[PDB]
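By written order: A, B and C. Residues from 1 in each chain.
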Amino acid sequence: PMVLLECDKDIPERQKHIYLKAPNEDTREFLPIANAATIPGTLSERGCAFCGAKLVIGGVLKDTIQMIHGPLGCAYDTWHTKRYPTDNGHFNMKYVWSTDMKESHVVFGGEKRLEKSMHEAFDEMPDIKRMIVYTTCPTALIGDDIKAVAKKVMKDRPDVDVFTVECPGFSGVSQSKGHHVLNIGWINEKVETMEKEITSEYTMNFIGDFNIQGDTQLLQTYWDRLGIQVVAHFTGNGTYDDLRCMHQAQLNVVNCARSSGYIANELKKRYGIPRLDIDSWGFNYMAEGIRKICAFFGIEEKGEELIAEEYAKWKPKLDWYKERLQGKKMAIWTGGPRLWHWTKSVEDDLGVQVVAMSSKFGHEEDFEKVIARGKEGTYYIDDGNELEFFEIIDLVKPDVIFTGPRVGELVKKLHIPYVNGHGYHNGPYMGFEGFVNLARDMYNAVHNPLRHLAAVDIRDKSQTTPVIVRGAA
Amino acid sequence: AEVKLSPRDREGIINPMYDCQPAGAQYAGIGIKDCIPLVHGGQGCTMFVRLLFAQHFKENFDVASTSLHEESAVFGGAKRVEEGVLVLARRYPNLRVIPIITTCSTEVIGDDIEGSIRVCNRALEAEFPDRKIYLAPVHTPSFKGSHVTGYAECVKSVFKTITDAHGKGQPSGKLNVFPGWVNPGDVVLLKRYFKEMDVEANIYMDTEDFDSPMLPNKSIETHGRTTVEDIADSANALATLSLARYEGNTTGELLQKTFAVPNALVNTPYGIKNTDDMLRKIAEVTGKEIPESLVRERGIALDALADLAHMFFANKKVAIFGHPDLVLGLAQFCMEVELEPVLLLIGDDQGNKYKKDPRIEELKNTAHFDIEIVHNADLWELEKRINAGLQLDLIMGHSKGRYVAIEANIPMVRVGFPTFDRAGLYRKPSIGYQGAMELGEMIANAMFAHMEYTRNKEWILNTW
Amino acid sequence: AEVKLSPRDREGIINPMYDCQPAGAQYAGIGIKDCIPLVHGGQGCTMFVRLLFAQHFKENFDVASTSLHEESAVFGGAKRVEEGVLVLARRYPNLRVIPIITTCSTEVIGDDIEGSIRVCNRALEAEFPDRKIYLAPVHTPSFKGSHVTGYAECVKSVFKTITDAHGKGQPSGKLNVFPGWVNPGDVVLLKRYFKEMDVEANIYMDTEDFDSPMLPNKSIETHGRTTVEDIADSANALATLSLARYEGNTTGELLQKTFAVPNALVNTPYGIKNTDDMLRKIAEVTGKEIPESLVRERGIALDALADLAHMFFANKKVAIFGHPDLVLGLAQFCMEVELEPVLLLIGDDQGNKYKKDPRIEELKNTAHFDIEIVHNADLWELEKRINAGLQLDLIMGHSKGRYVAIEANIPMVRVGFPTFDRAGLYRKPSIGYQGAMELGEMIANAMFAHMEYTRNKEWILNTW
């Protein structure tokens, strides 16, 4: 049924956002409302639309200035917070750029301030020739025409190319709108503005993977083995100019259908490129994905050789963890997609039971997927807030929670260990090796002497201090 | 020799040193018991700052958003503020204080925060006749100042709100102390100093419990300790000791103007002299003697620093960046130990104030090497100077400058905020005698590890 | 999984882990107020040890030599002992205790130390009628044991001497505490724990003041605080708490046999469980409750370590060397934080004792990885194993191992004695809850710097 939690008695509109799956229900009657306005003052976990554009997607690129047209905070706030390495020395994580908007610019306009900042950035780093300009709350409100500024700068500086995104934080209700605006602007303005050499009979884009802890680099070892050319990665370890070539690919392989389905859908409509949805987390899922890719290209045997080798390498370790994780209860409190990517893969491959899931910004589509794959007796929460998390903990008693680090630090007080469901602990987590990495972190989080020690009150004469025995795969 | 003040020569920023005003106002607010700041603007302005505090402290702190969306950005956001206040009050029955913090968005669209507060006070009085919730308007447009100025603005607004409600009463016999933006370990050290001097004081804000235990009963103790009552009692103090010109002195000035509580602004107590002068001012205002225990702690610090100064520190060139009170204070500490702070970077538009800081003249009169003080600086200003050939032996600053030091192969000591890329720093004092000792030993230890990794006379670390 | 004990397979030593017995006896003695040890042997046996203490503590400690020369090697050295005692007594009017420490030379030649003591006692009685000087014979041949054994022997002899003179008196109500060979910071911590538990206790030896101030009056305060009267009162204690099997427990056993003071030996309090078990023992013998403040310090430690264990420590392989009580205790601490102590090195000939240590069984029943414990080890045994391909992520040990870690490019935390190549370590606790937290943090910070210098996922240090 839908659930009205005790902490929500005064915001009873939350009942429509929380589903407890029970036997025999027609799930079609219980789909949480999702992607609706946030309730003020709740300590919702949601971020803003600008985040979804610059932090999540655009900022992943290795060779592009990320010009944030706004006051300095939006830039400071999106710097030193992500884990998406590159193969060029992590340029993307080392720098952030602001137009340092001041009151004069609010009153009289910020377009000259943006122009000057763009020239400065290109002057200070003469090897960098690509830029994305993002609007933020105040620059959107005052109506600065960043597309016009960018066209002037490109006329004055023939060596550069600039893309613009209008994505103030108050747009939409969450990070999701930022995804959408970026996707649709990029296909409309930049795809089909360059071509690259095709070096394989088999070509794809990999859409919706952002190289968290090297996930894209790990997957690339599969594509290189198979002989498949990736025209563009959207956007993990990617380049701005690769993304201008996406129309060239034979196949679009999508992992994050939430952030990046938009561009896949448009590339199919405009260019005829089929969209293949996969799961690039999960051991048996990754094998299914490789088999579908290879079936599409008519390279089935190559795929079987790769899969056999990876199972021989990694399956024994995965099974070691499965034996010790079977039956443990997990909660996943992340953006959305990881819920549907992980609920059944952790169950199938590790024996782990996902008892509670919360999505900051998922759409109804993401709930359809997660409820299809998820368990009876599990809570499914759209746009969860902090008090709800405490009540859900009481209700389901997880052994581990996959969530962000600040929530991890809160639930530690309750003696519940966490794994960073966003940036990972010791990743990468995609692929065959990556699921073993995930499993290891889950095992070390749960089988941790510190948790047992923290429970002991040394003042209690009836209590001793235990010693716990661990293992390693 | 010459101490030159110069502004950043670029309009834009690369690698900002500070966050925006609202972030600093959130930091002020989280130090108050039974307080949840409400940040009126888009969601990022809240969530990214909750993350920043988790990076520095490895803890959660509660801050709420009004969740400004497109409707409110076009037609006004008053109803979001009003709804957010009520939703907080309904769901947090112990909540007492809500600083309502504006952002760029809600400054640009002109929302009337004082009006929304009147509306909310009526609504709260009607719905919760036995509670008192203090709503403080905090005007923090991000297109002025920085987190430093936002902190100061929030402290001042919250004190104005609470003391307006309670006014002056019984003299408390206590000092007010505004340390500025310091770590829990700094607050621990100040509490020890006052205890050893037999001086009763409230430290605003008391963030000692931000380093909270994992307890057997699973209780959550990660809260500010400064209460409404503590704040209200500021109007009744003997005197205010303000340790940071840019981080709370304007509240001490307000309490002097409103309540006749004399404010004594001293140099922020980085290093030996500045600590000595702070203790002298406490003894003057209170009539209490400085105790032998502090003479001993002083002496232990000097003994430790003397094992390092002429051997390892002399003539070594240092760049320092951070909050202005910290930059100027650490530059003074560096010269006590024979370091040469040749480049000081301060990160906001407050240069008209910095030029009049008496510590700049104090540096002018003790330095025998040129010093460049860049105001309105970003961290690109540091990286660009190193690229152009500035030879540094040490960087002192916060963790968002880490890649500059890493790539230039320069040892770096983490000071100020945020210090997320090392463990436990928030627990270690930087001010006072113990803090000068700890800072000096971190500097030496960073240098020692660098000599090993670079094989630069690594054999010398035996009989120093 | 197996915990295997094996001896060094070579006859000779390359890179000794410990010094000889007389050096440990000296260390014992310098913790006593108004004590100057007299080392009966050649001059190097004193001067090199005074240097070693200056390396560790960055302080001078007074130790005299009998200056054995060629004539004494042919005819015996007793006249050198007897002259040395009188020259000390004549020139140091406040001297009270002289441990007379033998060396390899004077053991080989068989000088009659107890006979020289009788001579000296008569001479001192006649020349200084109102003074009492306690001369303790300390037999410390360097060709057995190590400085660990020598420390233990010296404490015991001193205790025997002074308690023989004074005997049993009125019950003191106090605990005797033998922490073993620990830093001033460890002593500071124990004093705090006893104070918070309202337990009166003498800590033998009380070396807090080895970290002495540089004072305005130029006074020298670098002395041990344990007095004759404190040692004599040992006979009247309620109980003895011995924290180190190899570093003082035999004196607790002597006081049990002689004066019926019951001795309780506990695991040395490295890590959480061993500290918990210590505090339970204190509570049991004194009938005093463990205070809330210690529950909170424990919880703060746990919270800090939980930020580290599964993210950075799990499955990381550690080698540990140092004193036996430290090596066994640190191995237990490591396992609490998910480190894997795969190689433990203990540096002397007491293997027949170590095979019976209950902590070996405690390892055997907890570890999931093989552990090699090499006894009679030198530091070449660590280097050689690395060169043969042992993969280590961390070394924990004293500074004389530094070049092993430097050259292998393995991060190293400095623990035990001597820690001369980093600043201030003598002031930081390693035992207790605060000590566990500080050790864990040192480990992490060493790892973090290593990641930076080696560019090994250095981008990860942002949101842990």
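Methods note: a contact is a pair of C-beta atoms (placed from the backbone, for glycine too) under 8 Å apart; a residue touches a chain by one contact, two chains touch by 3 or more.
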Category of the chain touch graph - line, ring, star, complete, other: complete
By mean Cα position, the chain sitting nearest the middle: B
Subunit A and subunit C, separation of their C-alpha mean positions in angstrom: 52
Cα-centroid distance, subunit B relative to subunit C, in whole angstrom: 41
Distance between chain centroids, defined by C-alpha means - subunit A, subunit B (Å): 33
Where subunit C touches two or more other chains at once, by residue number: 295, 298-299, 302-303, 306-307, 462-464
Junction residues of subunit A, two or more chains touched: 80-81, 90, 93, 404-405, 409, 412, 454, 456-457
Of subunit A, residues touching subunit B in the complex: 7, 10-11, 37-51, 67, 70-81, 90, 93-103, 105-106, 113, 116-118, 120-121, 124, 136-138, 140-142, 168-174, 386-387, 404-407, 409-410, 412-415, 454-457
Subunit B residues touching subunit C - in the complex, by the definition given at the top: 51, 54-55, 58, 211-216, 295-300, 302-304, 306-308, 399, 402, 406, 420-424, 427, 437-438, 440-441, 444-445, 448-449, 452-453, 458, 461-464
Subunit A residues within the subunit C interface of the complex: 80-83, 85, 90, 93, 213, 404-405, 409, 412, 417, 420, 423, 425-426, 440-441, 444-445, 448-451, 453-454, 456-459, 465, 467-472
Residues of subunit C that touch subunit A when the two form their complex: 272-273, 276-277, 279-280, 289-290, 292, 294-295, 298-299, 302-303, 305-307, 309-311, 314-315, 335-338, 340, 362, 365-366, 368-369, 457, 459-460, 462-464
Sites on subunit B touched by subunit A in the complex: 10-16, 18-23, 36, 38, 41-45, 47-55, 58-60, 62-70, 72-73, 80-81, 83-88, 90-91, 103-105, 107-109, 141-144, 146, 212, 214-220, 222, 349, 380, 384, 399-400, 403, 420
